[PDB]
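Visitor: Pasting a structure here, questions to come.
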Amino acid sequence: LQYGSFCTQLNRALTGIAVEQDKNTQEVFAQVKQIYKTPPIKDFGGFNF
Amino acid sequence: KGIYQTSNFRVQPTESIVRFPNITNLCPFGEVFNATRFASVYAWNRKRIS
Ligand SMILES: *[C@@H]1O[C@H](CO)[C@@H](O)[C@H](O)[C@H]1NC(C)=O
């Protein structure tokens, strides 16, 4: 406690890093809000997916 | 509006378990400091005390 607010600063930096990682994942994966479903019948011109 | 990760400042009482080996008998301190014949500085005696 004589040293000061080092631990709070490190915890804040790590929390910001984790929030930034979650933001990166959300901004790289949640591009579209409409969850489209694949059709049950697959006849895409002979292309096999 | 958010979620914060913080520390703790609480205090708790103490419960202790003490494990000490099976030992009963004294070891000689009242005769090494009370001996009449003491060794010299070149030929200092060395006694293992257990
Ligand atoms: C040496 O002997 C005296 C009495 O003879 C005793 O009071 C003293 O405690 C002894 N020394 C040690 C280190 O026990």
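Residue positions begin at 1 at the first shown residue.
Here the Cβ of each residue, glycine as well, is placed from N, Cα and C on the backbone.
When I checked Swiss-Prot for this same protein, it listed these features:
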- B:10-26: region 'Disordered' (REGION)
- B:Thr14: O-linked glycosylation site (CARBOHYD)
- B:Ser16: O-linked glycosylation site (CARBOHYD)
- B:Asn22: N-linked glycosylation site (CARBOHYD)
- B:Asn34: N-linked glycosylation site (CARBOHYD)
Visitor: Quick one: of the glycosylation sites B:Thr14, B:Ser16, B:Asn34, flag those whose CB is under 6 Å from ligand 1, and say none if nothing qualifies.
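Guide: With ligand 1 as the reference and 6 Å as the Cβ limit, the list reads B:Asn34.
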Visitor: Within 10 angstroms of the C-beta of B:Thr14 (O-linked glycosylation site), what count of other C-beta atoms is obtained when all protein chains are considered?
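Guide: Step by step: centre on the Cβ of B:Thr14 (O-linked glycosylation site), count other Cβ atoms within 10 Å, giving 4.
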Visitor: Would you mind pulling the DSSP three-state label for B:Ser16 (O-linked glycosylation site)?
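Guide: Going by the DSSP assignment, B:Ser16 (O-linked glycosylation site) belongs to neither helix nor strand, so it counts as coil.
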Visitor: Based on Cβ atoms within 10 Å, give me the single least packed residue among the glycosylation sites B:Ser16, B:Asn34.
Guide: B:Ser16
